[PDB]
Amino acid sequence: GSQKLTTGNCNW
Amino acid sequence: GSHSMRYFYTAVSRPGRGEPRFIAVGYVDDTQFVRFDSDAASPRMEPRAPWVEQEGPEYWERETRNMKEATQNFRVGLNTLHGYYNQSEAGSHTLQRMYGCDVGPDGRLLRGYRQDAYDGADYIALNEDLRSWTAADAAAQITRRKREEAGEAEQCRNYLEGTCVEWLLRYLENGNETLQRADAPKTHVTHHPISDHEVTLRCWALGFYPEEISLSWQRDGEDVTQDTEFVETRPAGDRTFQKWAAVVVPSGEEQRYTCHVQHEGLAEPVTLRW
Amino acid sequence: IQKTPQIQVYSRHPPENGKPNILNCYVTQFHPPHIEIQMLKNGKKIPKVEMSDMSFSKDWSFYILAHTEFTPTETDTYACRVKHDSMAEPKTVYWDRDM
């Protein structure tokens with residue numbers, strides 16, 4: 001199962 | 001013994017030839033079970049191992065959704081980082097990610113990892129304590145800040161400790177008849193005369209799993225020096241692996257030489273000769 | 001920084017003239033991930049060629065596996081041809097049955 005992405009963990 | 005589940009993301013920009021392509025593959029141990037390619041006619045996450053096929057339509061809908069959202073996010077990453085470095089609009093650039101978790105013989109989390117890379121070099125990785133970040137350079141530190149202020153690490157730890165491990169165990173369960181099983185190498189020696197004076201002796205290991213293996217040549221019972229011609233361990237295409245190791249030997253002293261092979265699937269090390 | 005791709009060419013099972021087999025072209029150690037790979041029979045493009053998924057390793061370098069069905073013979077030659085930014089010329093490696 002892959003990691004769901006949210007606005008908290010999608011930073012660059 | 002011990003097991004791992006890992007995901008590999010890759011985004012590649014292609015200036016003046018479309019938007020960055022995004023590719024992902026999932027592994028449990030040395031077994032790929034999942035893939036995604038954004039250039040596919042219908043971009044979906046897809047099964048590459050039997051024991052995930054059984055998964056439900058909800059699963060796949062979910063995985064495909066993450067993949068499409070990841071291509072979007074990484075595309076931003078490429079554009080954002082491209083700015084940091086103040087790079088030319090010239091050529092292609094890459095953004096990679098590898099994440100996952102190891103569980104021990106007991107089945108408990110040994111460690112989690114979540115590494116990023118720009119243009120093939122470390123950019124920023126989540127530390128083994130799953131709470132701090134390691135920035136490789138000036139740019140990465142900017143990223144570091146953003147993630148700290150947003151609480152990215154905590155979210156990552158949640159998935160790595162919980163979700164990641166659960167899935168891993170489930171897969172280990174559902175695909176036990178192949179994931180838990182080790183295949184022994186099938187070994188033999190070949191004889192390739194170079195000249196009237198020298199010949200090559202090549203020692204083959206075929207059809208084994210997992211990829212970890214050890215081949216070696218000895219003379220009279222002592223190591224070789226020098227020395228053995230290896231090839232990098234290579235896939236056969238059927239989920240097993242291949243390797244050989246060769247030595248040039250005096251034409252007539254073939255008996256002095258023995259090949260020695262060690263692999264998980266062998267009850268005990270093997271000794272071959274010509 | 002660009003890493004030149006390494007190539008291995010080899011069959012899935014031991015080679016037996018006339019016996020249907022699978023030919024593999026294993027390409028590793030390259031960067032960037034853009035790459036063109038084709039396989040040649042006697043020196044002519046092979047129509048159907050399967051391409052595994054572009055993955056990568058500990059050092060971030062990429063690897064991929066190409067392969068197609070084939071029937072080895074006494075005379076027919078086989079080869080892999082790789083075009084990559086890191087090289088000015090395409091690179092060709094011919095299949096050797098002893099390797």
# chains A, B, ... in the order shown; residues from 1 in each chain; ligands from 1

$ residues_around --residues "residue 73 in chain B" --least-positions-apart "4" --cutoff "8 Å" --atoms "only C-alpha atoms" --output "PyMOL selection string"
(chain A and resi 10) or (chain B and resi 69+77)

$ residues_around --residues "residue 23 in chain C" --least-positions-apart "4" --cutoff "12 Å" --atoms "only C-alpha atoms" --output "ChimeraX atom specification"
/B:235-237 /C:8-15,39-41,46,48-50,65-72,77-80,94-97

$ write_last_selection --atoms "N, CA and C atoms" --output "short mmCIF file (atom, residue, chain, number, x, y, z; two decimals), in the first residue's frame"
data_model
loop_
_atom_site.label_atom_id
_atom_site.label_comp_id
_atom_site.auth_asym_id
_atom_site.auth_seq_id
_atom_site.Cartn_x
_atom_site.Cartn_y
_atom_site.Cartn_z
N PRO B 235 18.88 -10.37 -13.50
CA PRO B 235 17.57 -11.02 -13.52
C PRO B 235 17.47 -11.94 -14.72
N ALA B 236 16.80 -13.08 -14.57
CA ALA B 236 16.55 -13.97 -15.69
C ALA B 236 15.27 -13.59 -16.44
N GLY B 237 14.38 -12.88 -15.75
CA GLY B 237 13.11 -12.47 -16.33
C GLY B 237 11.95 -13.25 -15.74
N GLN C 8 24.47 -5.82 -20.16
CA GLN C 8 24.70 -7.26 -20.23
C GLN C 8 23.69 -7.90 -21.17
N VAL C 9 24.15 -8.81 -22.01
CA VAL C 9 23.26 -9.51 -22.93
C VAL C 9 23.37 -11.01 -22.72
N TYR C 10 22.24 -11.67 -22.49
CA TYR C 10 22.23 -13.06 -22.06
C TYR C 10 20.84 -13.66 -22.14
N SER C 11 20.77 -14.98 -22.25
CA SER C 11 19.50 -15.70 -22.34
C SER C 11 18.94 -16.08 -20.96
N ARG C 12 17.64 -16.36 -20.91
CA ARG C 12 17.00 -16.74 -19.66
C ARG C 12 17.37 -18.17 -19.23
N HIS C 13 17.47 -19.06 -20.21
CA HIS C 13 17.88 -20.44 -19.96
C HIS C 13 19.14 -20.71 -20.78
N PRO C 14 19.87 -21.78 -20.44
CA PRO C 14 21.05 -22.14 -21.24
C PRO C 14 20.68 -22.30 -22.71
N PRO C 15 21.56 -21.85 -23.61
CA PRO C 15 21.31 -21.81 -25.06
C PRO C 15 21.36 -23.19 -25.71
N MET C 39 16.75 -4.18 -29.69
CA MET C 39 17.48 -5.44 -29.84
C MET C 39 17.53 -5.87 -31.30
N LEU C 40 18.69 -6.35 -31.73
CA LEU C 40 18.91 -6.68 -33.13
C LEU C 40 19.08 -8.17 -33.38
N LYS C 41 18.39 -8.67 -34.40
CA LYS C 41 18.59 -10.03 -34.89
C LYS C 41 19.35 -9.95 -36.22
N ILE C 46 14.17 -5.71 -33.80
CA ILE C 46 13.19 -6.73 -33.44
C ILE C 46 11.84 -6.09 -33.08
N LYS C 48 8.75 -7.01 -31.69
CA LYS C 48 8.20 -7.09 -30.35
C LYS C 48 9.31 -7.21 -29.32
N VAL C 49 9.46 -6.19 -28.49
CA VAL C 49 10.46 -6.21 -27.43
C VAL C 49 9.86 -5.70 -26.13
N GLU C 50 9.84 -6.57 -25.12
CA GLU C 50 9.25 -6.21 -23.83
C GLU C 50 10.21 -5.38 -23.00
N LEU C 65 15.16 -3.70 -17.79
CA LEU C 65 15.37 -4.96 -18.49
C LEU C 65 14.54 -5.05 -19.77
N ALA C 66 15.22 -5.27 -20.89
CA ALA C 66 14.55 -5.51 -22.16
C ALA C 66 14.70 -6.99 -22.51
N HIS C 67 13.72 -7.53 -23.22
CA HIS C 67 13.76 -8.94 -23.60
C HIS C 67 12.75 -9.27 -24.69
N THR C 68 13.05 -10.30 -25.47
CA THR C 68 12.14 -10.79 -26.50
C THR C 68 12.36 -12.28 -26.71
N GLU C 69 11.33 -12.98 -27.18
CA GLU C 69 11.46 -14.39 -27.50
C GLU C 69 12.49 -14.53 -28.60
N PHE C 70 13.17 -15.67 -28.65
CA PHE C 70 14.06 -15.94 -29.77
C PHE C 70 14.48 -17.40 -29.82
N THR C 71 14.91 -17.83 -31.00
CA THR C 71 15.41 -19.19 -31.17
C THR C 71 16.84 -19.17 -31.69
N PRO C 72 17.79 -19.44 -30.79
CA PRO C 72 19.23 -19.42 -31.08
C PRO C 72 19.56 -20.39 -32.20
N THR C 77 23.16 -13.98 -35.43
CA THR C 77 23.72 -13.17 -34.36
C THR C 77 22.64 -12.35 -33.68
N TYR C 78 22.91 -11.94 -32.45
CA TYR C 78 21.98 -11.11 -31.70
C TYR C 78 22.74 -10.02 -30.96
N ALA C 79 22.07 -8.89 -30.74
CA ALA C 79 22.74 -7.73 -30.17
C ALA C 79 21.78 -6.80 -29.45
N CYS C 80 22.33 -5.97 -28.57
CA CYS C 80 21.55 -4.92 -27.93
C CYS C 80 22.14 -3.56 -28.26
N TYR C 94 26.91 -7.43 -28.41
CA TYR C 94 26.39 -8.66 -29.02
C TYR C 94 26.30 -9.76 -27.98
N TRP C 95 25.27 -10.59 -28.10
CA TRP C 95 25.08 -11.70 -27.20
C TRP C 95 26.17 -12.75 -27.38
N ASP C 96 26.76 -13.20 -26.28
CA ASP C 96 27.76 -14.26 -26.33
C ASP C 96 27.23 -15.49 -25.60
N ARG C 97 27.17 -16.63 -26.24
CA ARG C 97 26.54 -17.73 -25.57
C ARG C 97 27.34 -18.30 -24.41
#

$ residues_around --residues "residue 9 in chain A" --least-positions-apart "6" --cutoff "12 Å" --atoms "only C-alpha atoms" --output "list in words"
residues 3 of chain A; 70, 73, 114, 126, 143, 144, 146, 147, 148, 149, 150, 151, 152, 153, 154, 155, 156, 157, 158 and 159 of chain B

$ residues_around --residues "residue 1 in chain A" --least-positions-apart "6" --cutoff "9 Å" --atoms "only C-alpha atoms" --output "ChimeraX atom specification"
/B:26,59,63,163-164,166-168

$ closest_atom_pairs --of "chain B" --to "chain C" --cutoff "9 Å" --atoms "only C-alpha atoms" --output "tab-separated table"
residue	atom	partner	partner_atom	distance
B:8	CA	C:55	CA	6.9
B:9	CA	C:55	CA	8.3
B:10	CA	C:55	CA	8.2
B:12	CA	C:33	CA	7.3
B:14	CA	C:34	CA	9.0
B:23	CA	C:54	CA	7.3
B:24	CA	C:55	CA	7.6
B:25	CA	C:55	CA	6.8
B:35	CA	C:53	CA	7.3
B:36	CA	C:53	CA	8.4
B:37	CA	C:53	CA	8.1
B:92	CA	C:32	CA	7.8
B:93	CA	C:32	CA	7.7
B:94	CA	C:32	CA	7.2
B:96	CA	C:60	CA	7.7
B:117	CA	C:60	CA	7.6
B:119	CA	C:32	CA	7.5
B:120	CA	C:60	CA	5.4
B:121	CA	C:60	CA	7.1
B:122	CA	C:60	CA	8.4
B:190	CA	C:98	CA	8.2
B:192	CA	C:98	CA	8.1
B:202	CA	C:99	CA	8.7
B:206	CA	C:13	CA	8.4
B:207	CA	C:13	CA	8.7
B:231	CA	C:8	CA	8.6
B:232	CA	C:8	CA	8.8
B:234	CA	C:26	CA	7.3
B:235	CA	C:26	CA	8.0
B:236	CA	C:12	CA	4.9
B:237	CA	C:12	CA	6.7
B:238	CA	C:12	CA	7.9
B:242	CA	C:12	CA	8.8
B:244	CA	C:99	CA	8.1

$ write_last_selection --atoms "N, CA, C and O atoms" --output "CSV table (one decimal), in the first residue's frame"
chain,number,residue,atom,x,y,z
B,8,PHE,N,9.4,3.1,-5.2
B,8,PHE,CA,10.4,4.0,-5.9
B,8,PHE,C,9.7,4.9,-6.9
B,8,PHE,O,9.1,4.5,-7.8
B,9,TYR,N,9.7,6.2,-6.6
B,9,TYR,CA,9.2,7.2,-7.4
B,9,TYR,C,10.3,7.8,-8.3
B,9,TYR,O,11.5,7.9,-7.9
B,10,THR,N,9.9,8.2,-9.5
B,10,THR,CA,10.8,9.0,-10.4
B,10,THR,C,10.1,9.9,-11.3
B,10,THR,O,9.1,9.6,-12.0
B,12,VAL,N,10.9,12.7,-14.3
B,12,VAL,CA,11.9,13.3,-15.3
B,12,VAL,C,11.3,14.4,-16.1
B,12,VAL,O,10.3,14.1,-16.9
B,14,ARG,N,11.1,16.8,-19.4
B,14,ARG,CA,11.5,16.8,-20.8
B,14,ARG,C,11.2,18.1,-21.5
B,14,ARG,O,10.2,18.1,-22.2
B,23,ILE,N,7.1,7.8,-12.9
B,23,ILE,CA,7.1,6.3,-12.8
B,23,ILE,C,7.3,5.8,-11.4
B,23,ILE,O,8.1,6.4,-10.6
B,24,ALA,N,6.6,4.7,-11.1
B,24,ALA,CA,6.6,4.2,-9.7
B,24,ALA,C,6.6,2.6,-9.8
B,24,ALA,O,5.9,2.0,-10.5
B,25,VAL,N,7.4,2.0,-8.9
B,25,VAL,CA,7.4,0.6,-8.7
B,25,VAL,C,7.4,0.2,-7.3
B,25,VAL,O,8.1,0.9,-6.5
B,35,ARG,N,3.3,-1.4,-10.2
B,35,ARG,CA,4.0,-0.5,-11.1
B,35,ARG,C,3.0,0.6,-11.6
B,35,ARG,O,1.8,0.4,-11.6
B,36,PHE,N,3.6,1.7,-12.1
B,36,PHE,CA,2.8,2.8,-12.7
B,36,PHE,C,3.7,3.6,-13.6
B,36,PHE,O,4.8,4.0,-13.2
B,37,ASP,N,3.1,4.0,-14.8
B,37,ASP,CA,3.8,4.8,-15.7
B,37,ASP,C,2.9,5.8,-16.3
B,37,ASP,O,1.9,5.4,-17.0
B,92,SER,N,17.1,18.2,-19.2
B,92,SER,CA,16.2,17.4,-18.3
B,92,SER,C,16.7,17.4,-16.9
B,92,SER,O,17.9,17.6,-16.6
B,93,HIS,N,15.7,17.2,-15.9
B,93,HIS,CA,16.1,17.2,-14.5
B,93,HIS,C,15.3,16.1,-13.9
B,93,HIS,O,14.2,15.7,-14.3
B,94,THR,N,15.8,15.5,-12.8
B,94,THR,CA,15.2,14.3,-12.2
B,94,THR,C,14.9,14.5,-10.7
B,94,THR,O,15.6,15.2,-10.0
B,96,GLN,N,13.7,11.9,-7.5
B,96,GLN,CA,13.5,10.5,-7.1
B,96,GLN,C,13.1,10.5,-5.7
B,96,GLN,O,13.4,11.3,-4.9
B,117,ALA,N,15.8,12.6,-3.9
B,117,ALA,CA,17.1,12.9,-4.7
B,117,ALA,C,16.8,13.8,-5.9
B,117,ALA,O,15.9,13.6,-6.6
B,119,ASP,N,18.4,15.1,-9.4
B,119,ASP,CA,19.4,14.9,-10.4
B,119,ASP,C,20.4,13.8,-10.0
B,119,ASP,O,21.6,13.9,-10.2
B,120,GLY,N,19.9,12.7,-9.3
B,120,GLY,CA,20.7,11.6,-9.0
B,120,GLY,C,21.6,11.7,-7.7
B,120,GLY,O,22.4,10.9,-7.5
B,121,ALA,N,21.4,12.8,-7.0
B,121,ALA,CA,22.2,13.0,-5.8
B,121,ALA,C,21.3,13.3,-4.6
B,121,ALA,O,20.2,14.0,-4.7
B,122,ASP,N,21.6,12.8,-3.4
B,122,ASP,CA,20.9,13.0,-2.2
B,122,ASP,C,20.4,14.4,-2.1
B,122,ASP,O,21.2,15.4,-2.4
B,190,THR,N,31.8,-24.4,-16.9
B,190,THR,CA,32.1,-24.5,-18.3
B,190,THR,C,33.6,-24.3,-18.6
B,190,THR,O,34.3,-23.7,-17.8
B,192,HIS,N,36.3,-23.1,-21.4
B,192,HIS,CA,36.6,-22.3,-22.6
B,192,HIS,C,38.0,-22.1,-22.9
B,192,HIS,O,38.6,-21.1,-22.5
B,202,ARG,N,34.6,-21.1,-16.1
B,202,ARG,CA,33.5,-20.2,-15.7
B,202,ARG,C,32.5,-21.0,-14.9
B,202,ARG,O,32.0,-22.1,-15.2
B,206,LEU,N,22.5,-20.4,-11.5
B,206,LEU,CA,21.3,-20.0,-12.3
B,206,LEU,C,20.0,-20.3,-11.5
B,206,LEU,O,20.0,-21.1,-10.6
B,207,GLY,N,18.9,-19.6,-11.8
B,207,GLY,CA,17.6,-19.8,-11.3
B,207,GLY,C,17.5,-19.7,-9.7
B,207,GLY,O,16.8,-20.6,-9.1
B,231,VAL,N,30.4,-11.1,-13.1
B,231,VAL,CA,29.4,-10.2,-13.7
B,231,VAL,C,28.4,-9.8,-12.6
B,231,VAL,O,28.3,-10.6,-11.7
B,232,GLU,N,27.9,-8.7,-12.7
B,232,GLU,CA,26.9,-8.2,-11.8
B,232,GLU,C,25.7,-9.2,-11.8
B,232,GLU,O,25.3,-9.7,-12.9
B,234,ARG,N,22.3,-10.6,-12.3
B,234,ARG,CA,21.3,-10.2,-13.3
B,234,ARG,C,20.0,-11.0,-13.2
B,234,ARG,O,20.1,-12.2,-12.9
B,235,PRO,N,18.9,-10.4,-13.5
B,235,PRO,CA,17.6,-11.0,-13.5
B,235,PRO,C,17.5,-11.9,-14.7
B,235,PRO,O,18.0,-11.6,-15.8
B,236,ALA,N,16.8,-13.1,-14.6
B,236,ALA,CA,16.6,-14.0,-15.7
B,236,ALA,C,15.3,-13.6,-16.4
B,236,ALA,O,15.1,-13.9,-17.6
B,237,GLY,N,14.4,-12.9,-15.7
B,237,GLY,CA,13.1,-12.5,-16.3
B,237,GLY,C,12.0,-13.2,-15.7
B,237,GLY,O,10.8,-12.9,-16.0
B,238,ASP,N,12.3,-14.3,-15.0
B,238,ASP,CA,11.3,-15.2,-14.4
B,238,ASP,C,11.2,-15.0,-12.9
B,238,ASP,O,10.6,-15.8,-12.2
B,242,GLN,N,20.9,-14.6,-12.0
B,242,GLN,CA,22.0,-15.3,-12.6
B,242,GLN,C,23.3,-14.6,-12.2
B,242,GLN,O,23.4,-13.4,-12.0
B,244,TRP,N,27.9,-15.4,-12.8
B,244,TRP,CA,29.0,-16.3,-13.0
B,244,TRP,C,30.4,-15.7,-12.6
B,244,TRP,O,30.4,-14.5,-12.3

$ select_by_dssp --residues "range 175-270 of chain B" --states "alpha helix (DSSP H)" --output "count of residues only"
4

$ residues_around --residues "residue 75 in chain C" --least-positions-apart "6" --cutoff "12 Å" --atoms "only C-alpha atoms" --output "number ranges by chain"
C: 17-18, 41-42

$ write_last_selection --atoms "N, CA, C and O atoms" --output "short mmCIF file (atom, residue, chain, number, x, y, z; two decimals), in the first residue's frame"
data_model
loop_
_atom_site.label_atom_id
_atom_site.label_comp_id
_atom_site.auth_asym_id
_atom_site.auth_seq_id
_atom_site.Cartn_x
_atom_site.Cartn_y
_atom_site.Cartn_z
N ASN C 17 20.65 -24.59 -29.59
CA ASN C 17 20.30 -24.29 -30.98
C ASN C 17 18.95 -24.85 -31.40
O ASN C 17 18.69 -26.04 -31.26
N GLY C 18 18.08 -23.98 -31.92
CA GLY C 18 16.77 -24.41 -32.39
C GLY C 18 15.70 -24.39 -31.30
O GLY C 18 14.51 -24.43 -31.60
N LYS C 41 18.39 -8.67 -34.40
CA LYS C 41 18.59 -10.03 -34.89
C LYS C 41 19.35 -9.95 -36.22
O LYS C 41 18.79 -9.55 -37.24
N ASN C 42 20.62 -10.32 -36.19
CA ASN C 42 21.48 -10.25 -37.37
C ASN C 42 21.84 -8.82 -37.76
O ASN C 42 22.67 -8.59 -38.64
#

$ atom_distance --atom1 "CA of residue 64 in chain B" --atom2 "CA of residue 42 in chain B"
10.5 Å

$ atom_distance --atom1 "CA of residue 54 in chain B" --atom2 "CA of residue 63 in chain C"
28.6 Å

$ select_by_dssp --residues "range 17-79 of chain C" --states "strand (DSSP E or B)" --output "NGL selection string"
:C and (21-31 or 36-41 or 45 or 50-51 or 55-56 or 62-70 or 78-79)

$ atom_distance --atom1 "CA of residue 165 in chain B" --atom2 "CA of residue 103 in chain B"
7.3 Å

$ closest_residue --among "B:61, B:102, B:198, B:220" --to "residue 250 in chain B" --atoms "only C-alpha atoms"
B:198

$ decode --residues "chain A" --atoms "N, CA and C atoms" --output "mmCIF file, in the first residue's frame"
data_model
loop_
_atom_site.group_PDB
_atom_site.id
_atom_site.type_symbol
_atom_site.label_atom_id
_atom_site.label_comp_id
_atom_site.auth_asym_id
_atom_site.auth_seq_id
_atom_site.Cartn_x
_atom_site.Cartn_y
_atom_site.Cartn_z
ATOM 1 N N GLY A 1 0.817 -1.199 0.000
ATOM 2 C CA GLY A 1 0.000 0.000 0.000
ATOM 3 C C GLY A 1 0.852 1.251 0.000
ATOM 4 N N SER A 2 0.610 2.131 -0.968
ATOM 5 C CA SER A 2 1.405 3.345 -1.125
ATOM 6 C C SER A 2 0.973 4.434 -0.152
ATOM 7 N N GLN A 3 1.859 5.397 0.083
ATOM 8 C CA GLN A 3 1.564 6.488 1.004
ATOM 9 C C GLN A 3 0.637 7.539 0.412
ATOM 10 N N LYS A 4 -0.548 7.673 0.997
ATOM 11 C CA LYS A 4 -1.437 8.764 0.641
ATOM 12 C C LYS A 4 -0.699 10.068 0.874
ATOM 13 N N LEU A 5 -0.954 11.043 0.013
ATOM 14 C CA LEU A 5 -0.325 12.347 0.128
ATOM 15 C C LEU A 5 -1.345 13.403 0.547
ATOM 16 N N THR A 6 -0.939 14.276 1.465
ATOM 17 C CA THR A 6 -1.785 15.372 1.928
ATOM 18 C C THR A 6 -1.006 16.683 1.863
ATOM 19 N N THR A 7 -1.678 17.795 2.148
ATOM 20 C CA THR A 7 -1.045 19.109 2.060
ATOM 21 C C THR A 7 0.029 19.307 3.126
ATOM 22 N N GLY A 8 0.085 18.381 4.078
ATOM 23 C CA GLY A 8 1.085 18.427 5.126
ATOM 24 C C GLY A 8 2.372 17.728 4.730
ATOM 25 N N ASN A 9 2.257 16.644 3.969
ATOM 26 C CA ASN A 9 3.428 15.845 3.607
ATOM 27 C C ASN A 9 3.867 15.943 2.143
ATOM 28 N N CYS A 10 3.437 16.995 1.448
ATOM 29 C CA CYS A 10 3.739 17.147 0.026
ATOM 30 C C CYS A 10 4.568 18.394 -0.259
ATOM 31 N N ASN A 11 5.417 18.782 0.686
ATOM 32 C CA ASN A 11 6.149 20.038 0.563
ATOM 33 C C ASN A 11 7.460 19.921 -0.203
ATOM 34 N N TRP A 12 7.807 20.986 -0.926
ATOM 35 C CA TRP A 12 9.068 21.060 -1.664
ATOM 36 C C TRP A 12 9.669 22.462 -1.573
#
